[PDB]
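Here is the structure we will look at.
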2 protein chains.
Amino acid sequence: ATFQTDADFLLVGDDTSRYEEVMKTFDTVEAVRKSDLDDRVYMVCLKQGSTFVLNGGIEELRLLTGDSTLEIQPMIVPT
Amino acid sequence: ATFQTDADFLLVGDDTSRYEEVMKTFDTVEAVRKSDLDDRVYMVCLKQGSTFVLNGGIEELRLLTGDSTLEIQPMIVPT
């Protein structure tokens, strides 16, 4: 279940109401942005060199946010 | 007089009118946010793995911005 990433990442889901609010609870997050073109899409920027980790996995974030469709897509980039 | 920072940085000046649009022309800037701590202040986020470079030094950025009082303060972090 454990989810880990050293990069920014997209948050996609069918119900993004509380996304911005729970994300700000993680110390590793510099900021969160919402696409103005599509409500399902958010970008989560991470502090420099930090590692976002969910011991409970995507699932822990689905519970905190209430969206069981919530998914994450890492931006992934070489250094 | 070359200026370089691998980290996000603060922009501080007395005429912050074109800070937003001038910073968004650099290919290393992920985002530029206006501090709500005070209006003389902006935060500039560097893309992961990127280096922000002004060949002219902070003077080059003061011209581009039209603010001779502009100051820069690179943010912190330990890899």
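At-a-glance table
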{"quantity": "Top-ranked residue of the range A:22-59 - restricted to ones that are touching a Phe, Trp or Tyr at 6+ places or on another chain (Cβ under 8 Å) and not in a strand (DSSP E or B), ranked as nearest to the other protein chains (Cβ to nearest Cβ)", "calculated": "A:28"}
{"quantity": "Search result, residues across the range A:60-77 that are more than 14 Å from chain B (Cβ to nearest Cβ), of a type in the set (A, V, I, L, M, F, W, C) and not in a strand (DSSP E or B)", "calculated": "A:61, A:63, A:64, A:70"}
{"quantity": "Filtered residue count, the range A:3-19, keeping only those that are under 13 Å from residue A:62 (Cα atoms) and either polar (S, T, N, Q) or not in a loop (DSSP other than H, G, I, E, B) (or both)", "calculated": "6"}
{"quantity": "Identity of the residue in the range A:24-75, more than 19 Å from residue B:8 (Cα to Cα) and touching a residue at least 60 places away in the same chain (Cβ under 8 Å), that ends up surrounded by the most Cβ atoms within 10 Å (Cβ to Cβ)", "calculated": "A:72"}
{"quantity": "Every pair of residues 6+ apart whose Cβ atoms lie under 6 Å, when the first sits in the range A:2-21 and is away from chain B (no Cβ under 14 Å) and hydrophobic (A, V, I, L, M, F, W, C) while the second is part of a loop (DSSP other than H, G, I, E, B) and buried (at least 16 other Cβ atoms within 10 Å of the Cβ)", "calculated": "A:12/A:40"}
{"quantity": "Criterion: within 22 Å of residue B:31 (Cα to Cα) and in contact with a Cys (Cβ under 9 Å, 6 or more places away or on another chain) - qualifying residue of A:22, A:32, A:44", "calculated": "A:32"}
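Positions of Cβ are backbone-derived with ideal geometry, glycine not excepted, and every protein chain shown enters the neighbour counts. Coordinate-derived values only; no laboratory data.
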